[PDB]
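One structure is given below, encoded as structure tokens.
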Number of protein chains: 4
Amino acid sequence: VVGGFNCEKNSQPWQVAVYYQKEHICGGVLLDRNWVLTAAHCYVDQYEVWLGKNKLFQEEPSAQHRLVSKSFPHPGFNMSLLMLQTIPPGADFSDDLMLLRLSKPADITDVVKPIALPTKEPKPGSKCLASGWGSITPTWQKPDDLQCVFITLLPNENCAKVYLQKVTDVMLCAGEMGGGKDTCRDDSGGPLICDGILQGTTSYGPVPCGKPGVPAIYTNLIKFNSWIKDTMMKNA
Amino acid sequence: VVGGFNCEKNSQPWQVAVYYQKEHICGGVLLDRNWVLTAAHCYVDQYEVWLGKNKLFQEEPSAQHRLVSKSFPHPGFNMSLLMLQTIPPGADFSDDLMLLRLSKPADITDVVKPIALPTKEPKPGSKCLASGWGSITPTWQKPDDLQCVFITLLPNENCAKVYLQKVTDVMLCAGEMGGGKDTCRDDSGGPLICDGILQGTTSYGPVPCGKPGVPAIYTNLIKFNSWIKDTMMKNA
Amino acid sequence: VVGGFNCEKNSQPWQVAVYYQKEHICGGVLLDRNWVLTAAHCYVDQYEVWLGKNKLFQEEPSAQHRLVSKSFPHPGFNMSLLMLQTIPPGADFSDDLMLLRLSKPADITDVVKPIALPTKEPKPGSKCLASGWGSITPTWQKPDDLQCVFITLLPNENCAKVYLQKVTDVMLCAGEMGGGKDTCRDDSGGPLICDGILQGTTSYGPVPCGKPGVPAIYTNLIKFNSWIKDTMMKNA
Amino acid sequence: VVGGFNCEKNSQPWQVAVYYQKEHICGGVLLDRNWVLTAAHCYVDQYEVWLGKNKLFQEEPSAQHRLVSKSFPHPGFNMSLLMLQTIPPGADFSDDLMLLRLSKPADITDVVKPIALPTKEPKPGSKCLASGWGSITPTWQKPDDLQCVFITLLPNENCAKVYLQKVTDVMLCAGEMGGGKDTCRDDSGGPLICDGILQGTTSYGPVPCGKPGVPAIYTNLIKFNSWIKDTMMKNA
Ligand SMILES: *[C@@H]1O[C@H](CO)[C@@H](O[C@@H]2O[C@H](CO)[C@@H](O)[C@H](O)[C@H]2NC(C)=O)[C@H](O)[C@H]1NC(C)=O
Ligand SMILES: *[C@@H]1O[C@H](CO)[C@@H](O[C@@H]2O[C@H](CO)[C@@H](O)[C@H](O)[C@H]2NC(C)=O)[C@H](O)[C@H]1NC(C)=O
Ligand SMILES: *[C@@H]1O[C@H](CO)[C@@H](O[C@@H]2O[C@H](CO)[C@@H](O)[C@H](O)[C@H]2NC(C)=O)[C@H](O)[C@H]1NC(C)=O
Ligand SMILES: *[C@@H]1O[C@H](CO)[C@@H](O[C@@H]2O[C@H](CO)[C@@H](O)[C@H](O)[C@H]2NC(C)=O)[C@H](O)[C@H]1NC(C)=O
């Protein structure tokens, strides 16, 4: 994240680190012992996840490593957009969710704890926290320590005004109009918590990150509650 | 390109500047009045070309603007790799080639002329030229003037040693082992002229560009002649 | 140093060029007629200094050559780290300081003068200067003329975020987040002048030097005053 | 190694890859199911080894990973020299050997096979093979594929003439007077096989590697046969 700070040790127990083998690629959110939530755009052949991490590059004994048995990308995400080198005006990136079923259940401890799905609808003006090991430079340099930033939930209008892509109902708009604070490359899939509640996850934003006047796009989690639950329950 | 020089004025009438909306994204080679060659990885929905261009930020009346009717990416290029967030070890980027059918044929002036495909196979040691408006810095910054650079054709083992991806017969290894001279981001699709002869196209290379002991990959055009001719002859 | 400029002639009479045989290896600071300060990691068996030097490849008569009688590395610097082939994560490089007793005292001319230790503690935001004949390229190449550069004193969290090693109270974080300006290899031991005041010495930084978002470490001299004075007063 | 070539797949079954956690640091030689041989100068806190590797950065299913239970550096190697930033003239680097006892025996297969200690004394003029994943650039860039080079065994006189360090009886001298072919950074501990027999291991060489007229120093294995065997037998 850009313009953030070092989250407190173990303050974000639900924060996940998604890997493609030995390489960190995204952020995630732990929802249940066998279920992690991330962005549908973190597309790779095999997945591995790290729970309880604070230092991305140092091995902490209280962390937990796990393999992923299967991934369930939302059926609404247009995968075809990924092959494109440039985003076509009017492109719709709605439904940027994906569920990952861990092969071996995770051990809920002091260090690892899931977070509950939201029940209320996001209210603009709200103070939200974003977290991750995404780049700390607007254009790329990852940090060791997990980063945290505070941002404001803004009306979708704000985002739709400045983007060429479609800003839909299943999206959220948040950031700092003054720029300088924003999520960035590889923060994807990470959690967005407002007034202490999980409201959505990091999806896409401006190039460069923190561009003044251009907020970032997050998934509106409330709109997906059914699909998630349905998938969890239907899949052993 | 990195470590090159401003190509002399109008020296390369075959250099194509492939745009998308108002911005340049790739390079290419003029092979006919209504046929342009480029990299399969320069994937976008709509295509536009500029010919007889020298400056990237200047109206040139000698210059010809056009549009592309149909694009034909080589049936071998694994497009799936493009959606992946990270390149897995062993990923084969062979056949990185794509033809672009023009809407309205190009007028052959002294500033806009084609180049023939080779019949002579390449031999290491040879001196080659590459050009484009790719970054002039190793990591980015596009130049106003078209850049040119001289590099040495190396045997494939030089590239294979350092690349985790597969280096094949349909590929060429070129650059300067000492580093400092190479093609960079957005030079893709441009031409590789070895001994006044077109031997291949800019596929990909290391990042940073011009990394010592890490040359770059180019398509071994000679292996695509049959295909190239058929696609023009059979179709449009 | 990277991205600096040739220090004006004789502007830094305190800059010391620490040699070993015929070659320069480190920098240092003149604190007295018979006392030079440098980095504990500039470990060799015999020590030689040159003072009032501007060029590295030129006999300067204003310049004074000497020899070191006894060297006293700070009792805190873990010398063991120096034998290790790779730095383990968490390695603490605190107390990187070493005093050098001269054989024959230095004559104080207008070209060879000491500098006082600070009493004022440093505050972020400050503008600091660093100099030396370290590499002028990010990865090496020593300059003839002494280099100078201006950088900003940053809070320690900026360094800690990106360093796998421990960043402590006895350390300072300085550089330019944008990259391009920094100290490089063989600048170690040289001085850090913040607001016309000596605040610390070049300890270590990233490789490449001047890496964006990765500033460099310097010793927080203020924390070593008691020790520094005792070692001169008690001994030689 | 510099100026070498890609060893044939699995041609050097005794070749070892020594790691400090996830980082490759040296080469080694497999002597027995529980014993690996490397340089005493590969100094780190914990050791791990990879057997049957051909690609250093790609995971091969026929490779073998193992942990090291204890290291036995030759009691004659002067460890104190490691803390030195510059080598003092006349420094003696004799006895650069170290034994590593694997925690779990290795499985001798087609891919992994130990090599026997030498019985005859090295004869000058001999054609020798050196191998490793050390730098491929004289000053650093490691390869994926294991590299092999052919060099000549030369009289010690040749080496003693050009080095400032002591060249002793327990050392060997080898290289190409024409320069260009030599071992390099991180080839350390690797095997040196002459006329099909293990004669010694890589120790130190010129900076840069392959410097014309400056051969490289390897350990004269025959002189250490007793100590090795004694250590193997005496240590469970
Ligand atoms: C084209 O690229 C894709 C992406 O790497 C390859 O697809 C993978 O293939 C393996 C088996 O070979 C599967 O286990 C993975 O799950 C596949 N991933 C996806 C996203 O489908 C594909 O094999 C490549 N094709 C070729 C000919 O190399
Ligand atoms: C997914 O994204 C692609 C690319 O924007 C869409 O494909 C385009 O669809 C329109 C018609 O709706 C065509 O005219 C374009 O030429 C198509 N472009 C390409 C590259 O195929 C696609 O429609 C989007 N949505 C879905 C549901 O597929
Ligand atoms: C190991 O290397 C060190 C450094 O060369 C040797 O220590 C030197 O020993 C001489 C006397 O033989 C002293 O005059 C030097 O001042 C010492 N230098 C240092 C830095 O201690 C040491 O003797 C070498 N050999 C052994 C067996 O220790
Ligand atoms: C000084 O540095 C050395 C090298 O890393 C440290 O020594 C290691 O200490 C651990 C236990 O803390 C042992 O398990 C390792 O085997 C030690 N390695 C060696 C080579 O002795 C030492 O702890 C450091 N000292 C401090 C105070 O940090």
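Read-outs: derived from the displayed coordinates by stated rules, not from any lab. As a convention, Cβ positions derive from the backbone with ideal geometry for all residues, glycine included, and neighbour counts pool all protein chains shown.
Couple of notes before you dig in:
- For C:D32, B:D95, the sequence from fewest to most other C-beta atoms within 10 Å is C:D32, B:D95.
- Options C:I87, C:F77, C:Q64, ranked by Cα towards positive dipole end of the range C:24-115, top entry (Cβ charges): C:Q64
- Förster-model FRET efficiency, 51 Å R0, B:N78 and D:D32, C-beta, rounded to 0.05: 0.65
- Computed FRET value (nearest 0.05) for A:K229 with D:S103, which takes r as the C-beta separation and R₀ as 56 Å: 0.75
- Projected label distance in nm at D:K161 and D:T139, using a 7 Å step from Cα toward the beta-carbon: 2.6 nm
- Zone residues, the range C:159-190, relative to D:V207, backbone N less than 12 Å from point 7 Å out along Cα-to-Cβ: C:186
- Prolate/oblate/rounded call for the range A:79-236, Cα gyration tensor, a/c under 1.5 rounded: rounded
- Chain B's nearest residue to the axis relating it to A, judged by Cβ and reported with the distance in whole Å, is B:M83, 2.
- Cβ-placed point charges (K, R +1; D, E -1), dipole of the range B:43-135 about Cα centre in debye, nearest 20: 260 debye
- The simple spin-label model puts a point 7 Å past each Cα toward its Cβ; for B:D195 and C:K113 those points are separated by 6.8 nm.
- Cross-link partners of C:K127 among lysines (Cα-Cα below 17 Å; sequence separation of 8 or more within a chain): C:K181
- A:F150-B:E23 FRET efficiency (beta carbon distance; Förster radius 45 Å; 0.05 resolution): 0.85
- Sorted shortest first, the distances from the A:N78 label point to those of the same residue in the other copies are 2.7, 5.4, 7.2 nm; each point sits 7 Å from Cα along Cα-to-Cβ.
- Placing a label point 7 Å from Cα along the Cα-to-Cβ direction at C:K55 gives distances to the equivalent points in the other copies of 4.4, 4.9, 5.5 nm, listed shortest first.
- Residues C:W50, B:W140, A:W14 arranged by fewest to most Cβ contacts within 10 Å: B:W140, C:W50, A:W14
- Helical contribution to [θ] at 222 nm, DSSP H n ≥ 4, -39,500 (n - 2.57), averaged over chain B, rounded to 500: -2000 deg cm²/dmol
- Normalised contact order of the range B:1-115, rounded percent, pairs of Cα under 8 Å and 6 or more residues apart: 32 percent
- Remark: relative contact order (the range D:38-83) = 41 percent; criterion is Cα-Cα distance under 8 angstrom and separation of 6 or more residues.
- Alpha-carbon centroids, the range D:7-26 and the range B:1-80: separation in whole Å: 45 Å
- Sorting A:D187, C:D169, B:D96 from the fewest to the most surrounding beta carbons within 10 angstrom yields C:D169, B:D96, A:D187.
- Remark: for residue pairs C:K166/C:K211; B:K55/C:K211; C:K113/C:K234; A:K211/C:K123, the C-alpha separation exceeds 21 Å in B:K55/C:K211; C:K113/C:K234; A:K211/C:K123.
- For the range D:16-160: rounded, prolate or oblate by the Cα gyration tensor [a/c cutoff 1.5]: rounded
- Each copy carries C:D32; placing its label point 7 Å along the C-beta direction from Cα gives inter-copy distances of 5.8, 7.3, 8.6 nm, listed from smallest up.
- Euclidean distance between Cα centres, the range A:164-236 to the range C:123-158, Å: 40 Å
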